[PDB]
Amino acid sequence: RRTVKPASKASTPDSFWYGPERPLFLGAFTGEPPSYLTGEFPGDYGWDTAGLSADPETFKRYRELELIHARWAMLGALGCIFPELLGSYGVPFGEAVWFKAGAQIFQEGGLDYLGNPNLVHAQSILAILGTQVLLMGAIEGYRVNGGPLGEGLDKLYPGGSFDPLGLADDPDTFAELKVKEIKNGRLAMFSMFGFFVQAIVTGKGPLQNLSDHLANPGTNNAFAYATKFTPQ
Amino acid sequence: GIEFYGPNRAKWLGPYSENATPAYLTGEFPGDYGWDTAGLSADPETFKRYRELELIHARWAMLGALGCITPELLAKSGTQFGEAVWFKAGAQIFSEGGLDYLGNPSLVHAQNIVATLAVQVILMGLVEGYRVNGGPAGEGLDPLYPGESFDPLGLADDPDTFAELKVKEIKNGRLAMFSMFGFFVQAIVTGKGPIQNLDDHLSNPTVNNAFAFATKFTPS
Amino acid sequence: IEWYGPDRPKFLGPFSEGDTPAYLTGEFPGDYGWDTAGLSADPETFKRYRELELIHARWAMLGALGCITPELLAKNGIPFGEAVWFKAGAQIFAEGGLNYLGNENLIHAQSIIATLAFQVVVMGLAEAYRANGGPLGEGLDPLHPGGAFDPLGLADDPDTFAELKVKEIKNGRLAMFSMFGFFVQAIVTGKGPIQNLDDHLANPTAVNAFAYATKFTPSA
Ligand code: CHL
Ligand code: CHL
Ligand code: CLA
Ligand code: CLA
Ligand code: CLA
Ligand SMILES: CC1=C[C@H](O)CC(C)(C)[C@H]1/C=C/C(C)=C/C=C/C(C)=C/C=C/C=C(C)/C=C/C=C(C)/C=C/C1=C(C)C[C@H](O)CC1(C)C
Ligand SMILES: CC1=C[C@H](O)CC(C)(C)[C@H]1/C=C/C(C)=C/C=C/C(C)=C/C=C/C=C(C)/C=C/C=C(C)/C=C/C1=C(C)C[C@H](O)CC1(C)C
Ligand SMILES: CC1=C[C@H](O)CC(C)(C)[C@H]1/C=C/C(C)=C/C=C/C(C)=C/C=C/C=C(C)/C=C/C=C(C)/C=C/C1=C(C)C[C@H](O)CC1(C)C
Ligand SMILES: CC1=C[C@H](O)CC(C)(C)[C@H]1/C=C/C(C)=C/C=C/C(C)=C/C=C/C=C(C)/C=C/C=C(C)/C=C/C1=C(C)C[C@H](O)CC1(C)C
C-alpha cells in the first residue's frame, strides 16, 4: 500500500475523454472535429456533421436538451423494461408492456401498482394528468429557476440535494461521471428510439422482442417486418 | 446573358428576388439562387456543412433516381424482373430464388439479407470515413470536389468548366432530389412504380392525377 | 403590464428570470423569452424565424376562421354538401362540384386542376410581391408594410402599433395552437372542431381525448 501523490504533477494524465486527444465518433476516420467542438464538454466525439451547434449559445442550449433528454430516456428505458421484466416472473400487472400500460387506467379495478389493489389504485385519467402537470410544472420551473432544493446551483449539474452521497466532490471523478452519464443516456435515447420504432413495427414488448430474436435470430430480426409498411 | 455567379446571378424568384436575398448568400457557391428564407445558413460554418449535405444528398438522389427508373424501364423493355417496382425490389431476398440481378439465376443469386447488410455496412463505413478524412484515394483534398482519382476522364481542369459543371451537378442533383421526394410520396399515395405512374398519367391526364388519390388519407 | 423591456411578461411567469437568453431583448412583439432550444441565437436566423412566425400566425388565423365558419353556418341552417373542413376539398368530385354557400349558381367549380392552376399563379405573384414588393409597396417592411394594407389606419401611433403588434402575434399563436389541435384531433377523432366541442359539452368526463387514446396502438 502506497499513498497516491497529488495532482500538481498530474493535472491531466487521466483526461482521456476531454481535450484535443479525445475519442471521436468515426475513430480515425473523423479527421479533425469542428473548431467549436474542442473537447471541453462531456461526450464530445466531434459529431456535428450538420453544423446545428456552430453557435456557442445554441450549442449550450443543445447540451441542455441532450442531457435532459438523456436522463428522461434512461428513466424511460428502465421504466419500460422493469414492469415487463417482472411481468415475466409472475407479478400480475394489468399491462406490463409499456405501450399498453397507459390504458391500465381504463381497467375494471383501475391502475394497480405491481398489480396490487391495496396500492395506488388510480381510477381516473385526468386526476392523474392534473396532479402530474401541477407537480411537473412546479419542479420543471424549479429546474429552470431555483426552488426549494437549490437556487444558485448549476443548470444541468446542480448537485446539493441532487448529489446527496457526494459523488461529484472530486472534479476528476466528476468529469468522468459526466461522460458516463451522457454516454449511458445517449445509449438510452437510442434504445428508446428503438423502443418506439420496434413497438410500431412489431406491437410486442421489447423484452418479448428480445425473446423472439433469441428464439431464432436468423428469422426473427427487423427484416421480418420489412414488408409490413408496403403501399397497399 | 446568364452568369450563375456574382450579384446578378439567376435567382429563385426571378424578377421578384432583389430584396429576397440575405447578405451572406454571396454568389460564390454553385446553385446559389438566393433561397434562404428560413435563415438556416446564416453562419458560414453551418452554411458549409449544409452545402456538403446538399451535394451529398444530391449525388445519392441522382444515383437513386437512376436506380429506380432503370429496372422499370428494362422490365417494360422485356427483361424478367421478379419484382421490378423499386419500393419492393428489396423484398426479392425473401422469394424462392432470392435476388437475381437481371433475372439471371446465376449472376448474383443472393439468399441472405443479413450478410448483404453486413458487407454493405462494412464497405460503406470504410468509404464514408475515407470521404470524411481521406485515405487510399486522396489524403488531403476537397471534402466535396476531391478529384485527382475521381476524375479519370478529366473534365474540370479549367476553373470555368469546373464552375459550370458544378452548377450543372448541383442542379441535376436538386432535380433528382425533388424527383426522389416525389417517388417517395407518390409511391406511398399510389402504390405503383414511377414509370407506371407516368403511363397512367399519359393514359388519362385529367382523370388519373394526384387529386384522384386526395381523399385517401382522410380519418373518417 | 409592459409587453416590452426587461420586466416584460414571460412564458414561465415568476419562474422565468434565469432561463431567458441574453439575445431575447424585449424588442420584438410576443417576446416572452421562450428560446429553450436556442434556435434564434443568431439575429439573422432570429429575424427569419420572426417572419416565419408572423406569416404562419396570419395564415393560421385565416385558416382557423375558415374552419370554424362553415360548420357554424352549417348547423345555422345553411346547406353545405360537406361542411366539415377536412373534407371540404372533396366537394370538387361531387356531382354538382364545389358550390360556395350551397347555391348552385354562385361559383359551381367542377375542375380542381384549373382551380389549383389559378391558385398557384396568383399565390406565386402575391408571395413574390410580399418578398420584394410590387404594385402595393416597394421598400416597405417585410412584415408590417402598411400603406395599402392599412385602409382604416389603426397603427399610425407607435404605442398603438406596438400593442396591436403584440395582439396580432398572440391571437396568431393562439390560432396556430388551435390549428395544430384541429389537425391532430381531426386525425384522431375524424369529426369537425365544432362537433368535437358539442361532444365535449355533451359529456366532458367521458368524451375527451383519452377516449381515443388506445386508437393508435400497434397490437401485432
Ligand atoms: C417570378 C415568378 C416566380 C415564382 C412565383 C417562383 C416560385 C418559386 N420558385 Mg422560382 N419562381 C419564379 C421565378 C424563377 N424561379 C427560378 C428558379 C428556381 C429554382 C432553381 C428553384 C426555384 C424554386 C421556387 C419555389 C420557392 C418557394 C417555395 O418553396 O414554395 C413554397 C410554396 C409552395 C410549395 C406552395 C405550393 C402551391 C400549392 C397550392 C400547394 C398545394 C397544397 C396541398 C394540396 C396541401 C398539401 C396537403 C398535405 C396535408 C399532404 C417557388 C415555387 C425552388 C423550388 O423548386 O422549390 C419547390 C427551386 O429550387 N425557382 C428562375 C430561374 C432563374 C425564375 C425566373 O424567372
Ligand atoms: C408559473 C407557472 C407556469 C408554468 C408551469 C408555465 C408553463 C408553460 N408556459 Mg407559461 N407557464 C407558467 C406561467 C405563465 N405563462 C405565461 C404565458 C405563456 C405564453 C404566451 C406561452 C406560455 C407557454 C408555456 C409552456 C412552455 C413550455 C412547454 O412548451 O411545455 C412542454 C411540456 C409539455 C407540453 C408537457 C405537457 C404535459 C402533458 C403531461 C403531456 C401529455 C403527454 C402525452 C399523453 C404524450 C403524447 C403521446 C404521443 C405518443 C402522441 C408551458 C406549458 C407556451 C405554450 O403555450 O406552449 C405550449 C406559450 O406560448 N406561457 C404567463 C403570462 C405572463 C404566466 C404567468 O404566470
Ligand atoms: C442499442 C439499442 C438497440 C438494441 C439492443 C436493439 C435490439 C433489438 N432490436 Mg431494435 N432498434 C434500435 C435499437 C436497438 N435495437 C433502434 C435505434 C431502432 C430504430 C432504427 C430499432 C428498430 C428496430 C426494429 C424495427 C426491430 C428491432 C428489432 C430488434 C431485435 C432484433 C434485432 C434486429 O432486427 O435488428 C434491427 C436493428 C435495427 C433496425 C437498428 C439498430 C442497430 C443496432 C443497435 C446497431 C448495430 C449493432 C448490430 C449488432 C450490428 C448489425 C450489423 C450487422 C448486419 C453486421 C433486438 C432485440 C426487431 C425485433 O423486434 O425482432 C424480434 C425489429 O423488428 N429494432
Ligand atoms: C418534376 C418531378 C415530378 C414529375 C415529373 C411528376 C409527375 C407525376 N406525378 Mg409526382 N410528385 C412530385 C414530382 C413530380 N411528379 C413531387 C415533388 C411530389 C411531392 C409533392 C409528388 C407527389 C405526387 C403524388 C402524391 C402523386 C403524383 C402523381 C404524378 C403523376 C400525375 C401528375 C400529378 O398528379 O401531379 C401531382 C404533382 C405534384 C403533387 C407535385 C409536383 C410539382 C410539379 C413538378 C410542379 C408543377 C408543374 C406543372 C406542370 C405546372 C402547374 C400545373 C397547374 C395545374 C398548377 C405524374 C406522372 C400522381 C400519380 O401517381 O398519378 C399517376 C400522384 O398520385 N406525384
Ligand atoms: C386551446 C385550444 C384547444 C381547445 C379549445 C381544444 C378543445 C378540445 N379538444 Mg383539442 N387539441 C389542442 C387544442 C385545443 N383543444 C391541441 C393543441 C392538441 C394537440 C396536442 C389537441 C389535440 C386533441 C385531441 C387528440 C383530441 C382533442 C379533443 C378536444 C375536446 C375534448 C377535450 C380534450 O380531450 O382535451 C385534449 C386536449 C389536448 C390533448 C391538448 C390541449 C391543451 C389545452 C389547451 C391546455 C390545457 C387546458 C386545460 C383546461 C387545463 C388542464 C386540464 C388538466 C386535466 C390537465 C375539446 C373540444 C378530443 C376530442 O375530439 O373530443 C371531442 C380529442 O380526441 N384535442
Ligand atoms: C448528434 C447529432 C449530430 C449531427 O450534427 C446532427 C444530428 C444527426 C441531427 C444529431 C443527432 C441527433 C439524434 C440522433 C437525436 C436523437 C434523439 C433521440 C433518439 C431522443 C430520444 C429521447 C427519448 C426519451 C426522452 C425517452 C423518454 C422515455 C420516457 C419519458 C418514458 C416514459 C414512459 C415509460 C417509462 C413507460 C411507461 O409505460 C409509459 C411512458 C410514459 C412512455
Ligand atoms: C443523481 C445521483 C446522486 C447520488 O449521489 C447517487 C445516485 C442516487 C446513485 C445518483 C442517481 C442516479 C440515478 C437515479 C441513475 C439512474 C440511471 C438510469 C436509470 C440509467 C439507465 C440506463 C439505461 C440504458 C443504458 C438503456 C439501454 C437500453 C438498451 C441497451 C436497450 C436494448 C434493447 C432494446 C432497445 C429493445 C430490445 O428489443 C431489447 C433490448 C436488448 C433490451
Ligand atoms: C433550400 C431551402 C431554403 C429555405 O431557407 C429552407 C428550406 C425550405 C428548409 C430549404 C429547403 C430544403 C428542401 C426542399 C430539401 C429537400 C430535400 C430532399 C427532397 C431530399 C431528397 C433526397 C433524396 C435522396 C437522398 C434519394 C436517395 C435515393 C436512394 C439512396 C435510392 C435507393 C434505392 C433505390 C435506387 C431504389 C431501390 O429499389 C432501393 C433503394 C435502396 C430505395
Ligand atoms: C417557440 C419555441 C421555442 C423553443 O425554443 C423551440 C420550439 C419549441 C421549437 C419553439 C416552438 C415552436 C412551436 C410550438 C411551433 C408551432 C407551430 C404551429 C402549431 C404552427 C401552426 C400553423 C398553422 C397554420 C399555418 C394553419 C393554416 C391553416 C390554413 C391555411 C387553413 C386552410 C384550410 C382551411 C381554412 C380549411 C379548409 O377546409 C381547407 C384548408 C385549405 C385546409
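If you read the protein sequences in the order shown, they are chains A, B and C. The first sequence lines up with residues 487 to 718 when you count with the numbering used here. The second sequence lines up with residues 47 to 266 when you count with the numbering used here. The third sequence lines up with residues 24 to 243 when you count with the numbering used here. In this text, a Cβ means the ideal position worked out from N, Cα and C, and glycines have one as well.
query                                                                                                                         : result
CA nearest to the CA of A/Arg549, picked from A/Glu637, A/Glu667 and A/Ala685                                                 : A/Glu667
A/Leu673 - DSSP class collapsed to helix/strand/coil                                                                          : helix
Rounded distance between the beta-carbons of B/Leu59 and B/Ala69, thought under 8 Å                                           : That pair is no contact at about 17 Å.
Heavy atoms of ligand 4 versus C-beta positions, residues under 6 Å                                                           : B/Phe224, B/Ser225, B/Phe227, B/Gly228, B/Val231, B/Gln232, B/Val235, B/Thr236, B/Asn243, B/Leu244, B/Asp246, B/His247, B/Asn254, B/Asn255, B/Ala256, B/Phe259, C/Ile136, C/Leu139, C/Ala140 and C/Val143
Helix, strand or coil at B/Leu172 according to DSSP, with G and I counted as helix                                            : helix
Option nearest B/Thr72 by Cα separation, candidates B/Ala84, B/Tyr51 and B/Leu86                                              : B/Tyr51
Secondary structure of B/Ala69, DSSP reduced to three states                                                                  : coil
Nearest neighbour of residue 244 of chain C, chosen from C/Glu186, C/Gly213, C/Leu224 and C/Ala229 [CA to CA]                 : Examination of residue 244 of chain C is not possible in this model, given that chain C is present from 24 through 243 alone.
Contacts of C/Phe38 in chain A (Cβ-Cβ under 7 Å)                                                                              : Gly627, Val630 and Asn631
Where the segment 699-714 of chain A meets chain B: residues whose CB sits under 8 Å from a CB there                          : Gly704, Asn707, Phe709, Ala712 and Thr713
Opening and closing residue of the alpha helix (DSSP H) in which C/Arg71 lies                                                 : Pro66 to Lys98
Burial state of B/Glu142, where buried means 16 or more other Cβ atoms lie within 10 Å                                        : exposed
Near ligand 2: C/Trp57 beta-carbon under 7 Å from a heavy atom                                                                : yes
C/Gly204 versus A/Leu621: straight-line alpha-carbon distance, rounded                                                        : 24 Å
Cut-off 8 Å between Cβ atoms - residues of its own chain near A/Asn695, not counting five sequence neighbours on either side  : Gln684 and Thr688
Per-residue contacts from A/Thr535 into chain E (C-beta, under 9 Å)                                                           : Within the model displayed, chain E is absent; protein chains A, B and C are what it includes.
Complete alpha helix (DSSP H) runs within the segment 201-230 of chain C (minimum length 4 residues, chain order)             : 216-225
Closer than 9 Å at the beta carbon, the chain C residues around A/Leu564                                                      : Chain C residues near A/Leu564: none, gap ~22 Å exceeds 9 Å.
Option in B/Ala88, B/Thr264, B/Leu221 and B/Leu248 with minimal Cα separation from B/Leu101                                   : B/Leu221
A/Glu507 versus A/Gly517 - alpha carbon distance                                                                              : 12 Å
Neighbour-count burial assignment, B/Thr92, 16 or more Cβ in a 10 Å radius                                                    : buried
Cβ-based burial, C/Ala198 [other Cβ within 10 Å; buried from 16]                                                              : buried
Nearest candidate by alpha-carbon position, reference A/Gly525, set A/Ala587, A/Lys714, A/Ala536 and A/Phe545                 : A/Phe545
is_contact[C/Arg71, chain B] using C-beta, thresh 8 Å                                                                         : yes
C/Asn128, buried or exposed, once every other Cβ within 10 Å from all chains shown has been counted against 16                : exposed
Any residue whose CB is nearer than 6 Å to a heavy atom belonging to ligand 5, listed in chain order                          : A/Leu612, A/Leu615, A/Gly616, A/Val619, C/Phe200, C/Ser201, C/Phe203, C/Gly204, C/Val207, C/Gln208, C/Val211, C/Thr212, C/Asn219, C/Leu220, C/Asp222, C/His223, C/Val230, C/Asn231, C/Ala232 and C/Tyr235
A/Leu651 in three-state terms, based on DSSP                                                                                  : coil
Exposed unless 16 or more other CB atoms sit within 10 angstroms - verdict on A/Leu600                                        : exposed
Any chain B beta carbon closer than 8 Å to C/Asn155                                                                           : yes
contact_flag[the segment 230-244 of chain B, the segment 170-182 of chain C] where n(CB pairs < 8 Å) is 3 or more             : no
Inter-stretch contact (C-beta, 8 Å, three-pair minimum) for the segment 555-574 of chain A and the segment 101-113 of chain B : no
Any heavy atom of ligand 3 nearer than 6 Å to the CB - residues listed                                                        : A/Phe676, A/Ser677, A/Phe679, A/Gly680, A/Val683, A/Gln684, A/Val687, A/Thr688, A/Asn695, A/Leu696, A/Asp698, A/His699, A/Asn706, A/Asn707, A/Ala708, A/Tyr711, B/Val160, B/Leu163, B/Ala164 and B/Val167
CB contact flag (A/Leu653, A/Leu663, <8 Å)                                                                                    : yes
Within chain C, partners of A/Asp541 - CB distance below 8 Å                                                                  : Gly61, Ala64 and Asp65
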